[PDB]
Each structure stands twice: as C-alpha cells, then as structure tokens.
Amino acid sequence: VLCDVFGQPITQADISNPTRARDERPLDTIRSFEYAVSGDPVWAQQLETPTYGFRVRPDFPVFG
Amino acid sequence: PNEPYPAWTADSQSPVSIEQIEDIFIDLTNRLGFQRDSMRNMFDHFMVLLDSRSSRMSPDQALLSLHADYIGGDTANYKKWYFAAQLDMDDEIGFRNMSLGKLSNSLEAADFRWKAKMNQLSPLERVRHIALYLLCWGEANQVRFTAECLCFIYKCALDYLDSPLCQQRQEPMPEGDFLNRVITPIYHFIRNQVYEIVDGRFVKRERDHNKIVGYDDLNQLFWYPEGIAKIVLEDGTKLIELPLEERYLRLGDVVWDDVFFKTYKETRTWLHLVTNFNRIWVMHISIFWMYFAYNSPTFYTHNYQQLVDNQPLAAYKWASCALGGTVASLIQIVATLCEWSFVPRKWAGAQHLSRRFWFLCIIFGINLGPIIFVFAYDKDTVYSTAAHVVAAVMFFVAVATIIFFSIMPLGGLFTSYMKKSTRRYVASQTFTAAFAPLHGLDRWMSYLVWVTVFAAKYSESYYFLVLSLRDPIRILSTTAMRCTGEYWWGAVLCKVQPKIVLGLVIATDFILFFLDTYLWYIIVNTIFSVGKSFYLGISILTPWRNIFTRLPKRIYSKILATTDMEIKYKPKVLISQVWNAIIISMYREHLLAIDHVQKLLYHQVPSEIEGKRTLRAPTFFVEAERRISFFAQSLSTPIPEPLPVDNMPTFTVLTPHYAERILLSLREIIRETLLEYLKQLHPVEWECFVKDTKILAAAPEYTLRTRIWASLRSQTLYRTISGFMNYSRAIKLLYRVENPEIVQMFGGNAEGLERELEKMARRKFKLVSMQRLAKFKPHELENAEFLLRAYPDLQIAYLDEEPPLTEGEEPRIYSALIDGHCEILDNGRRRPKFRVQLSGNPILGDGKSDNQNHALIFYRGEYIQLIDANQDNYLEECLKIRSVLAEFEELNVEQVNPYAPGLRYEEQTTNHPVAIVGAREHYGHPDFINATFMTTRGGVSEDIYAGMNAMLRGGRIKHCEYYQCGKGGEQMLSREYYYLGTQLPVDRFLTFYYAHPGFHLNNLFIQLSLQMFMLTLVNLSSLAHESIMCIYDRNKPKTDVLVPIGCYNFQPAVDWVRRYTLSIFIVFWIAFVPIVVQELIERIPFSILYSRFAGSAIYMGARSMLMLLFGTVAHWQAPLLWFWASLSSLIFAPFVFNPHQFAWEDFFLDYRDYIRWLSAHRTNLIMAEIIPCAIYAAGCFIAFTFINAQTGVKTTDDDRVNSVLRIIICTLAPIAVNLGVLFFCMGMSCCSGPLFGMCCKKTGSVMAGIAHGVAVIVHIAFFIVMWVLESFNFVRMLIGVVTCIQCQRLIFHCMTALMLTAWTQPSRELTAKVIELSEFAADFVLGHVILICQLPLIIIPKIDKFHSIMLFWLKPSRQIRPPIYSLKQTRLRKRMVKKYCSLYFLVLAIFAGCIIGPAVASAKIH
Ligand SMILES: [Mg+2]
C-alpha cells in the first residue's frame, strides 16, 4: 500500500523511518529531495540503488 | 549549474569525488552499526559544509581547513583533550601560558611529532576521520552536553577500527548496536538520579542540590589520567588494563554508579564572597588601618594630653603603622581556609592548599616578629637607634607585602618554588585558564584607567579623613562624664558612653570608605569616554541634512559590492533600484499613503530622446521616519566591505516554540473588543488598510485579511516568521542587482529568472522546533498547516512516539523533520524527511535548552542566529547581513598549511578565534554563534553562562555597532565565578568585578551605612540630651575654658553629622542621576502596590523613621531636615503617580480590595549569622538605659534602680498571649472539624485580629506606665519601643535559626504560626498608618483637575470612557462606598482616641 516518490513500490521498510526503503543510498535521497521541488524526468532516470545495492562498490580501497 | 553542490561537484580540481565520499559513510555504517537514516543526515551535513567553504577558496584548502578545525589543529578540542589526558602535559601548558610574553619527553618534541604525523595523510583518510566524528556526534543524544566523554568514545572507536578484529570480521555488526550498548547506560545513569518510579510513573524526587550529579560532574572525570583509571567493569577489573583494541567491545559492561562523584560543593554565601574576591579587601582594609593608626596617637602615648602636647616617640608611630602587613597576611590565610571546603580532599589538585598554607604562615610570622621585638619594654625603657632602624625597615616591608598580595592572583602564588611532581595547580589550566590576551592601545588603556582611578581615590580620601576625624577622636577619647553609676553593675554603665559613640563613628566611617571607589570609577570612565570622541572624530553639531545629503554615496560604497565589478553602469541607476525597493516595501505594510510615495521615489518621466535625462533624483536629497533616521545614522560609521553573494557562506535561523499563539481566532477579534483597541491605537494604518481593501475587492477572504491584520499588530508566531523571511528577498534583490548580464541573457523569460533566483536563495539561507506538534488541538493543526502553505521553504522539527515493541516496556521516542514540499499522506500528515531514534524522553530539566538540543542535529551552514518567540526584523536591516558575518574575521584571510615543520606555536596568528558577536544599539547576550567552535565544546545554551564558558575555553567576544536586534541574580555561587575570581589578572579582574557584582555590593553597602548612621545618631542624641552643652567657633585659641564651668565639648560631634549628611547626599545624587536620565526623556490597586515594595525599604524605612523622630525630639540639629524630606519622599513616591487615586470611588474600591485581600560543622556555621542582630539590639538597649541612668544631674549615692524587668515583660507578653490563644483554639474542639466549619470557616482570622488588638493594647500600657512618671516628657518612650521591636525580631530570628538546623512537628508548626501572627499584626498597623496620611489630599475638590493636568505631560494623554454597566451595579457601588467610608472613619476615630485618651490621663492621673 505504501509507495515511494516516482511511484516505485516498497517491500522492506526502514527500521527508523517506516515510509522509506531499506536499501536506498544517500545520493538517491538527495535526488528525491531535488525532484520534490521541480518536476523533472531527468532526476528519476539517474537512480542507482537496484544495480549496486547498499554494499560498497567493487575495487574500494583498503585501510588500516 | 543544475547540480546539488556546485562549488565542489562542478570544479575539476576536487581531490575526492562525491561517489568516493558516499562509500566511506556506507562502510563506516556497516562496520560500526550506526542507524542508516542518521547516516544520510550526516552525509548531507558534511556535503553542505564542503560546499560552503569551497565557494571562497580552493577545495584542497577547504578540506585541510576543515580537518584542522575538527581534529588536528591548535583550534581543535580533540588535540587539547589528547594532550591534557593521554600525554599528561597540563603543567607544561600552564607554564607556557604564564610566560608567553618572554617567548614571543617535552611539549615541543610532542608537538613536533604530532605535526609530522598529521602532515603526511591522504585526503581519503582525512575524510574518514571527519566522517567518524560526525557520525558519533549525530547519535550522542544528551551526551552532546559533555564533550570529553564523546572524545573518549571517539578515540576508543578509532582504536578499534584499525585492529585486525574489525578487518577480518565477516558479517556486519547489527544495526542499532552503538546506541543500545554505549549511550543508553549513560542516559539511564543521568535520568535515575533525578526521577524515581512510583505507581508506574516518574516523579521528580527531591533532595539537596549537593547530592545530584549534574552534567559538569561527568565531564570533569575525563580531564585527568587518574580519572580514567577509576572505570571498572562488572567482574572487577579496570578498563585500562585491557589492550587498546578491545576496550570498545567491552564498553557496554561498565557500571557507572561506582564511578562518577561530586566535584564541587556549595556552602553559605559569605564564604564564597570571601574566597572569590580576596584581592579587594586586602587593598581596602590594609590602607584604612594605616590611615587610622597614623592619626590616633592617644592610644599609645604615655600620659597623653593635647594641652601638654607630648607627642609619642617616633618609633611607636612607625611600628604601629607597620601592622598593615599582618592584616593582609591574615586575610589570605582566612581565604585559603575557606577554600578547603569546596573541593574533595582526594581529588587531583587539592594538595596545593597544604603547601600554600605553610608559606602563608611563614610570611605572617616574618611580618609579626620584629614588631613584637620593637614593642618590648626592654627597648621602651632604654632608647636605641637600632629600634628606629628596625621600624623604618618594617614599614617598607609591610608596604611591599601589601602590594604583592594586592597584585598576584590567589591561584598561582608559589608554583615555581615547589618544583614538585604532584599537581601544581588547583584547577586544570587547559580548560579553565585559557584567557585571550589584549594587544595594542587597548592593553595600555586598561592600565592607565585603573592607575588614575586608584591614585585619585587614595589621595582624595586621606584629605577628608585626616581632618573629619582628628578632633572628634581627641575630644571623645579623653572626656570623663563621671557619675556614681548604677550599682547593680557599677559606674561602668555611664563612663563608657563617649567611647561607645567614638567606636560607632569609626565603624560608620569604615563603611563610608568603600563607597568612593565606585564614584571615581564612574567619573573616570565618563571622562575617558568623552575624550575618546575627539580621537574618533564624532560630530554632533553637524545638521541632519548634512547626513541625509551624503546617503546615496554611502549606499553605493557600503551596501553594494561594486569594487570587484567592471565599471559599465552608473552609480545612480544602481542606487535607485535599492531605494525604490525599500520605499515600496514600506508602502505595502500600510505605513505610508499614496501621496507620500512620490516625494521619495526616483522618476522616469523626463524625455527619453536624450540618455542623460533618463533619471532624476528625488526632492528628499536636494515609524517610517524612525527607521529612515536610524538607517541614515548607521551608514555613517565605518563598515567592512562585503563579498558578492555567490561567495557568501551559509547560515541558519533557529526558533523554539511552546504553546504560543500562531494566529488570532475570530473570538479574539470580535470579543473583549480587541479590534476597537487596535483601531484606536493604530488609526492611520486602519484607514490605509480599509482604503486598500476596496482596491482589489461571511466574507471569507475579508475575514482572513482581517485576521492577518490583527495578527501582525499582536504577539504571534506569524508576525515573527513573516518578519525574518525578509532575508530571502534581500538576497534575491542583491543577486539580481549586482550582475545584469544574467538578467539580460534570459531575454524576457520571467519565470526562468524567478526560478534561478529562488534556487540561489535556497542555498544560502535556511527552522522552528515545535515539541508539541503531535499533541495540538485541531484548530492548532489548522493554523500550523497555514504556515507551510504560505511559506513552502519553512522547516519544522517535532517529537514522535510509538507503542513499545515488546509488551510492558517503555515506548520508543523519535525525532522528525518536515517542510512545505513534503507529500501529504492519506492520513492528513506529511511525509518526514528524516526520523532518528532517541534513547528516552529528552526533556529532563525545564527550559528551552532541551528543546534546542534535539533540533540542533538538523541545522546547516557555518553560522547560527538565536532568536525567540517574539522578535521583529525589517528589510533595511537585512541588507547588511554580509557585513555582519565579516566580524568573525574568517572571510578574507590568507590560507596557510597548519602542519608546516618550521612553524612555532608563538608565531601562529590564529590561536584565539571569535565565538560570539552581539548587537548593540566584555560580556553580552549572544546573537550570532560560530557553529563549529561552539558545537564541539558543548551546546549553545544560560546566556551569561554561555559567555563565561566561551571566555574560559579561549574564545573572544565582540560587539556590532551598526546592527539592531528587534528584542521586545543571587544564584551566582557557581564554578565560573570561582574560576574567574581566583585566576584572572588584576586589571581584567577589576574590570569584571566593577561591572556585574560591584553594583549589588554597593546597593547593600548603602543600606548598611544608613542603619549604622541611625544607631550612631540615637546614641549621640541621647548623650547630648543628658550632657550640659557649650557652644564655640573655630576662632578659638589653642586652649581656654568656656563660659559655662565644667561642661563637656561635643561640637565636633555635631559637625560630623553635617559632613556625613553632605557626603551621603552627594552619593545619593550620583546614584540617582541615571534614573533621571532614563525617565525625563519620555515626557493598580493598593494591595499589589504594597506587596511589590513589601520587604523592600518599607519596614526598614519605618524603623528608621522611629529613630529619626527620637533623634529629632531629644536634640535638634539643622541637617536633619534633609533626612526627613528624603524618607518622606521615598515612602510616598509610589502613590503619587497612581492614575486617578484622588477619586473617592477609586479610593474606596481600593480600600475594599485591600481589606478583602487581608481576609556536623554546619551546626555553628548556620547560626553564626545571628551576631549582627545581637549587636544592634545591645546598642539600642544601651542607648535606652543611658537616659534612665540620670547621668546629667548630680547622682544620689548608694540608691539602686532598674528597668530591665519592664523590658522583658514588654518583649515576652505578646508571645505568651499568642501561645495562650493557640492553646485555647486547640481546646475548642480541634478534634472535630464541623464545629469550626459552622462557627468560623477561617477561624484563624479571629485569632489574628485578637493578636493585633492585644499588640496595640500592650503598647498603650507601655505609654501609660511610662507617663505615670512623665506628665510632660515624651522622648523617653520611643527608644524603649524600638528596643522592644528589635528584641522581638531577634527572638524570631533565633527561633528560625534553631528550627532550620506527638506534638514534635506541631511544635514546628506553632513556631511558624507565632511569627506569622506577629507579622500580620505589624502589616495591619502599617497599612492604615500609610492610608490615613492621604486623607487631606482627597478632601479638596480641585485635586482632580490638577492631577488631570499631569496627563498632558504624559506621552499618550488618551482616555476613553469605561464600559457601560447596569443600575444595580451603581447601587451596590454607592452602598459599598457608604460602608467603607463609615469603616474608615471608625478606624481613624479609634486611632485618634488611642492618642488623645492618654493625653487626658496624664493630667487626671497622679
Ligand atoms: Mg538580542
């Protein structure tokens, strides 16, 4: 019954914010905030959550 | 363009991309278990900071500056904590701070290694370091108030991260682990000490303040390496015994109830006063002692007599004046003894006092010895030049000791001599002794002002002291009023009266000695401030037109940043677009009519065929007036030049809200009427509004417009919100004015230009916290949604609650953020941007601080402005925002590498940043806050405490002269006062003392001196009445007998009264001048008016009036008129200005309202305060008995007589009567309520009336028994009455003092009741005594017109008729007027009879 901006649905809800997806990375939130002001289809086509997920990108350097 | 963060993402020189910054946050959240929705918020915060700092410098410098400010720099708090705790370098830091002037395994090597390590970091490691700290800070809840605990947690987490345990672990740590394991136990410890659980609810349990561990007590544990060692686990092992990589994982097993403890305890206020300000009494009392001792040879001259003029040996004179050093050495010892009760005995730093005590007593012994040698009879009987040499040396030694103890601060007297390995300082130097020094002329001015003040004061006081007291001392100390005395004690009761009078005179002058320095300080400050004007070139003689004519050039050169632009356009076309904007802005607020507009606007009318004729200046240059005048005046002072709006930083406005009104309802408009009251206050605006209404037009829109109009003139949140939204339009106006190429390149597309301007305005300007948004009434939510519809860019924060996950467990509490662009759910609520879970209820203590704390995580930018619920702002003042932000001295400075190897600490120029900027029409209420500096050292709140904390930590405070803010005591026993008093240098200490506490001390000293003078006057008048007098003038020879044989000289005693009266009159005039200055530029029922001044110079006033009357009747002196007039004016001033008090109807309505209103070691310390009452009562009793002693007349021998038993009956009879009445009330069915319910529901009033009646009757009996002896003498009763009252007060005070430290508790209740009844009885008499004096003033019929004349001197001078009421109200009014006139006249008749009856009795009775 719940849905996000751009109409895409939601299945796993966040623990602290029940109205947001669990695996959404911060850049997607920034783009959604920008889209909320002015209607632009260009903001919706730059999402990257499903292809990468919440894990870090490959070839991320190592610290120590 | 069209990017989230243009300053960083659109630059090709950025060292790290945004996609490489997001992954660091993601990895940290995975590894440490932070909440995700807080991680998003902190990512946004960090990116906004990077965008803000990159708009005026390179990204490479921005990242390095952020790292230096947050972790590794000299301005960072983390480095200070590290060096103070881990490396144990506090003593070296204090020593370096002590000797900075001479400078400008060791501290230098440690700093070198730290800089070398910090100099070779990659940018990614810097980003990780900053991100970890921000993530830790975002979750801290109430731990944000304690910076050092957070630093310790951050260090533990950083140590755990780099270990192989974290790197080789496979699965991520479960979400929410940090908050559950680390923060919740500390929150529970904080909460469980204030509240206790009963019946399932939390109730604020009560205990003395010394058994509650506040926030400051937790913080101070993490300042020392010894405090860290006290952390213990459950199994019994210490935390520090584990290796460095495992302390984080076991941080959830610490039991905090066995660790924290109290570090500072309070006591009686006089101990704090003595300890904090020891440097002042040393420089006062020591000088007074020398002045008095040098001019009183009688007390140490062998067989002294002025007639034989035998001067004492000079050796005695020099030895006596050398005792000044001993007094100073004793004061320091006494001050050190008191300090031993403030700090724990085993806490670090407490061992300095024991070392200091031995040095102080050694100095005392050194100062004491040689004087004892000189005074010895061996060198008194035989003269020796060696004794004279010893006295001459000791004089200079004493002077040097006085100076040394008057200059050096108490904390740090003998640090360099100890050289011990133990703590050499009582308090931490890093966190409590980091004052910022002064540089330049301002440093020299501070020395010069105080040197001038003290040089003037010490030279002026001696001239008056040498002569006002030389003769009275000589006359009084040698006279002998011999008598036979009273043989129950002896003749000692009469021979010591002159010496008692002399002692009282000396005591009064000692107090008078303290009032001159404030006077001289005021005078010198005024003179220097006036003189500085000629260097500043301030001109007041110039005409206002000479200011108005220069306005456009000042606007062009100080408001616009036109220096950076190429000069393509003329100044006038730029000035016009701003002047017209301001003028039109004032018009739309209904402040100007249509005809007034064209007198001020720039016009386009003239011919366009020639380009020069295009524009013409207004005739003005060839509430609106107040604002224009202030703007024109403020543009005259020098202003820093601004930056272009594409280079300015970001700032936020923060507002708290609790139960305030958002909008006025229709009932508030049409009911009582507010609308008529507003219309008769603001007419012209009302005609303007109604005229404007029909231009565009149940009348919904008209009703809404009326609601808005009424709201804008009343105290509402909408007024404040609409006031401060002028920041956005000012920024848009400046942006479009300062570069016309962007305007031109759109070519008529207005919508695109508006969108582009709004996009720019959103970046630079940003918040209201409503803690009750989930609890509003429906009409409150209806108003709240209106604000979001009117201003889409407004943000709101509120608290939200959920039912517990597991059954029977505390509910969860969250914090949410919404704004005007959020989607509306089908429930009617808006979708939150963020939700962050808290560990519990955040509001523990009352105040706005806990409201601001939970909403502080949502701010953005670099600077914060703190406002309140009701404040106002204007468009003209918002245009100068860019110049105000330049006061922090960070916008146009050179960028350097903080980690360069060659740089030394003394060569750095950015050691002390600016923390607070406060507006004025060096403490003050803060307006603008440096966010980075303040949020890393605690919260933002309490204002004066925030100022003290910022000063102590090492920041600076400045004031802005060209900005105006639309704004519209004895608890200071704190740590801050102690730290400031015991560690500041002398000049700063004097400047601080003479501003805040010196005013209150002066107000106390004046009141004390008045009572001392009254006691001296009573005793002197008694002696003068008893003695035989002689009169003489200054034309006297050296010594000759007076015409009356055998009289006693007392004329200098009379002269002293005149001199003291003149001095006190001058002091009162100087203290009253500011009230006149404040008041003379602007031209209530009796119960509350009386209650306001009750206990404030009214009871003491009457007590002084009684003694003044006695001193007047017994003996007459001319200067007593001034005191009579002053006291009468003080008593009767408040009733003069009461509106329409002359009217009979108002008078008796007030009378009715008044009448119906009537209807361990602590043991001796808590009771040592009774002595001053005992001394005063003893003085009054001696004065009373002296007249009874019959000293003036030749006394009969061996006849005994006494009157003390009369006095004890006088004092004890009313208390016994009251106790008997209470016993009778107990006997009359106190075990059955209904009898009292049926007879008198408030039966205590009957007992109160009986007590008042018997109290009057006992005084009547006093008068009768006294006038049995005296049929024509009156002076003799008043001193006895005063003695009786003072003994009553002493008994009550001693009873209360013993009470402060079955019928056991009923005994306490009865002890309270007995003083309560006497207090009520006194108040009853005092009220009528006040009222009867005003009777003749209301009798004359002409008082009405004369009082109404004063209405013309008053500014408003507006009166409207009272609302209409029915005739029955008039009938009741006249009936009550009749009743209360009769009652008033009957009471006055009783009072008059009470006096006239004994007058007849004195004749008819024996
Ligand atoms: Mg203010």
# chains A, B, ... in the order shown; residues from 1 in each chain; ligands from 1

$ closest_atom_pairs --of "chain B" --to "ligand 1" --cutoff "12 Å" --atoms "only C-alpha atoms and all ligand atoms" --output "CSV"
residue,atom,partner,partner_atom_place_in_ligand_line,distance
B:865,CA,ligand 1,1 (Mg),9.7
B:866,CA,ligand 1,1 (Mg),8.3
B:867,CA,ligand 1,1 (Mg),7.5
B:868,CA,ligand 1,1 (Mg),9.2
B:870,CA,ligand 1,1 (Mg),11.3
B:871,CA,ligand 1,1 (Mg),9.0
B:872,CA,ligand 1,1 (Mg),10.6
B:873,CA,ligand 1,1 (Mg),11.5
B:916,CA,ligand 1,1 (Mg),11.9
B:917,CA,ligand 1,1 (Mg),10.2
B:918,CA,ligand 1,1 (Mg),7.0
B:919,CA,ligand 1,1 (Mg),6.4
B:920,CA,ligand 1,1 (Mg),8.0
B:921,CA,ligand 1,1 (Mg),10.0
B:924,CA,ligand 1,1 (Mg),9.1
B:925,CA,ligand 1,1 (Mg),6.4
B:926,CA,ligand 1,1 (Mg),6.7
B:927,CA,ligand 1,1 (Mg),5.5
B:928,CA,ligand 1,1 (Mg),9.2
B:943,CA,ligand 1,1 (Mg),10.7
B:959,CA,ligand 1,1 (Mg),11.3
B:960,CA,ligand 1,1 (Mg),11.3
B:963,CA,ligand 1,1 (Mg),10.2
B:964,CA,ligand 1,1 (Mg),8.0
B:965,CA,ligand 1,1 (Mg),5.1
B:966,CA,ligand 1,1 (Mg),7.0
B:967,CA,ligand 1,1 (Mg),5.8
B:968,CA,ligand 1,1 (Mg),9.3

$ interface_residues --of "chain A" --to "chain B" --cutoff "7 Å" --atoms "only C-alpha atoms" --output "ChimeraX atom specification"
/A:16-17,26,36-37,56,64

$ closest_residue --among "B:779, B:824, B:941, B:120" --to "residue A:5" --atoms "only C-alpha atoms"
B:824

$ closest_residue --among "A:6, A:1, A:12, A:23" --to "residue A:35" --atoms "only C-alpha atoms"
A:6

$ atom_distance --atom1 "atom CA of residue B:1045" --atom2 "atom CA of residue B:492"
24.6 Å

$ residues_around --residues "residue B:1190" --least-positions-apart "3" --cutoff "10 Å" --atoms "only C-alpha atoms" --output "CSV table (one decimal) with N, CA and C atoms, in the first residue's frame"
chain,number,residue,atom,x,y,z
B,483,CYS,N,30.1,59.8,87.1
B,483,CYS,CA,28.9,59.7,87.9
B,483,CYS,C,29.1,58.6,88.9
B,484,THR,N,28.1,58.4,89.8
B,484,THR,CA,28.1,57.3,90.7
B,484,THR,C,27.6,56.0,90.0
B,485,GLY,N,27.0,56.0,88.9
B,485,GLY,CA,26.6,54.9,88.2
B,485,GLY,C,25.4,54.1,88.8
B,486,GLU,N,25.1,52.9,88.3
B,486,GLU,CA,24.1,52.0,88.8
B,486,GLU,C,24.9,50.8,89.4
B,494,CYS,N,28.0,54.2,82.6
B,494,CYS,CA,27.9,55.6,82.2
B,494,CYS,C,29.2,56.2,81.8
B,1026,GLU,N,21.6,64.3,77.7
B,1026,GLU,CA,21.9,64.2,79.1
B,1026,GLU,C,23.0,65.2,79.5
B,1185,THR,N,19.1,52.6,78.2
B,1185,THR,CA,19.4,52.7,79.6
B,1185,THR,C,20.1,53.9,80.0
B,1186,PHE,N,20.9,54.5,79.1
B,1186,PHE,CA,21.7,55.7,79.4
B,1186,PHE,C,20.8,56.9,79.9
B,1187,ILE,N,19.6,57.1,79.3
B,1187,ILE,CA,18.7,58.1,79.8
B,1187,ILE,C,18.2,57.8,81.1
B,1193,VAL,N,22.5,64.9,85.8
B,1193,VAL,CA,22.3,65.5,87.1
B,1193,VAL,C,23.2,64.8,88.1
B,1194,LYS,N,23.6,65.6,89.2
B,1194,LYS,CA,24.4,65.0,90.3
B,1194,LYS,C,23.6,63.8,90.9
B,1195,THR,N,24.2,62.7,90.8
B,1195,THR,CA,23.6,61.4,91.1
B,1195,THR,C,23.7,61.2,92.6
B,1196,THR,N,22.5,60.8,93.2
B,1196,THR,CA,22.5,60.3,94.6
B,1196,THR,C,23.3,59.1,94.7

$ closest_residue --among "A:4, A:14, A:24, A:32" --to "residue A:50" --atoms "only C-alpha atoms"
A:24

$ select_by_dssp --residues "chain A" --states "alpha helix (DSSP H)" --output "PyMOL selection string"
chain A and resi 26-37+41-44+49-52

$ residues_around --residues "stretch 1127-1132 of chain B" --least-positions-apart "4" --cutoff "8 Å" --atoms "only C-alpha atoms" --output "PyMOL selection string"
chain B and resi 1098+1101+1105+1123+1136

$ write_last_selection --atoms "C-alpha atoms" --output "PDB file, in the first residue's frame"
ATOM      1  CA  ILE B1098       9.371  49.876  53.810  1.00  0.00           C
ATOM      2  CA  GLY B1101      12.007  52.667  56.411  1.00  0.00           C
ATOM      3  CA  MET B1105      11.572  56.891  60.887  1.00  0.00           C
ATOM      4  CA  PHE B1123      16.742  63.097  56.028  1.00  0.00           C
ATOM      5  CA  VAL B1136       1.777  59.937  43.685  1.00  0.00           C
TER       6      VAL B1136
END

$ atom_distance --atom1 "atom CA of residue B:258" --atom2 "atom CA of residue B:428"
23.7 Å
